[PDB]
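Only one chain is shown below, in structure tokens, and it's the form deposited in one PDB entry.
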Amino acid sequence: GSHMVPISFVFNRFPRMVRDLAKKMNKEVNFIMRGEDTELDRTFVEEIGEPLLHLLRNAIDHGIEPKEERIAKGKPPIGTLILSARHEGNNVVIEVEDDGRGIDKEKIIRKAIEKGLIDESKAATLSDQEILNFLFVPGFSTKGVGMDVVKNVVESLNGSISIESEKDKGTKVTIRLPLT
């Protein structure tokens, strides 16, 4: 830990950015930030901004549903978006979690069958992790930003990123950064 700085140097600029993205996409979202005092290498702080912003925009765009939809679906009217940082052994863990509609895994499945990557029979055997990983295959999604770009930036930092989601329950993206 030579050049450690609180992750607040990258976090504090998000509340305003989230609020304006919500207004633009007509989404009502309660934004929560946890662990802004978590220390990490300054190089990361200066490079993780683009990535996080993209995960936050994804949550607001594809995740949280318009209030009128959440209401019709029987969910808390206002959406919740949580950006947090914490320590797990010699790793700094940053997470972006929403209680939105969740990643549409069938949509992914159909796209993979369409690109000839898998056939029907095979698609019925895939695990959620295998499905969600298609989101990291370059060129898989239609646009440059994207999950492709988030994984590459994160890994150029010797970091790791994972995803998990449950239909109508929400989505959570996890980024692990190394202790320097």
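Between two forms, the rigid core is the largest collection of C-alphas that superpose within 1.5 Å. Just count from 1 along the sequence shown to find any residue number.
Q: Is it true that at least a third of the other compared entries have no coordinates for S121?
A: No, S121 has coordinates in all the other entries compared.
Q: How about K143: is it missing in a third or more of the other compared entries?
A: It is, since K143 is left out of at least a third of the other entries that model both flanking stretches.
Q: Gap size between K115 and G116, counting deposited residues with no coordinates: none, 1 to 3, 4 to 9, or 10 or more?
A: In the record, the chain runs straight from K115 to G116 with none unmodelled.
Q: For the higher mean C-alpha B factor in the entry, choose 171-179 or 2-10.
A: Comparing averages over the C-alpha atoms only gives 2-10.
Q: Quick one: say whether 63-71 or 134-142 has the higher mean Cα B-factor in the deposited entry.
A: Mean B over CA atoms: larger for 134-142.
Q: Splitting the chain's C-alpha B-factors into thirds, which one does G89 fall into?
A: Top third by C-alpha B-factor.
Q: Would you mind ranking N58 by its C-alpha B-factor against the rest of the chain and naming the third, lowest, middle or highest?
A: Answer is lowest: the recorded C-alpha B-factor places it there.
Q: Consider only the C-alpha atoms of the modelled residues in this chain, order them by B-factor as the entry records it, and name the third containing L40: lowest, middle or highest.
A: CA B-factor rank for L40: middle third.
Q: Which third of the chain does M147 land in by C-alpha B-factor: lowest, middle or highest?
A: Tercile = highest for this residue's CA B-factor.
Q: Which third of the chain holds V29 when residues are ordered by C-alpha B factor: lowest, middle or highest?
A: Tercile = highest for this residue's CA B-factor.
The following text describes the form deposited in another entry, which does not appear among the structures shown.
Q: Please name the one residue from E50, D37, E155, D119 with a C-alpha displacement of 2 Å or more between this form and the one not shown, using the rigid core for the superposition.
A: Comparing both forms, the shifted residue turns out to be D119.
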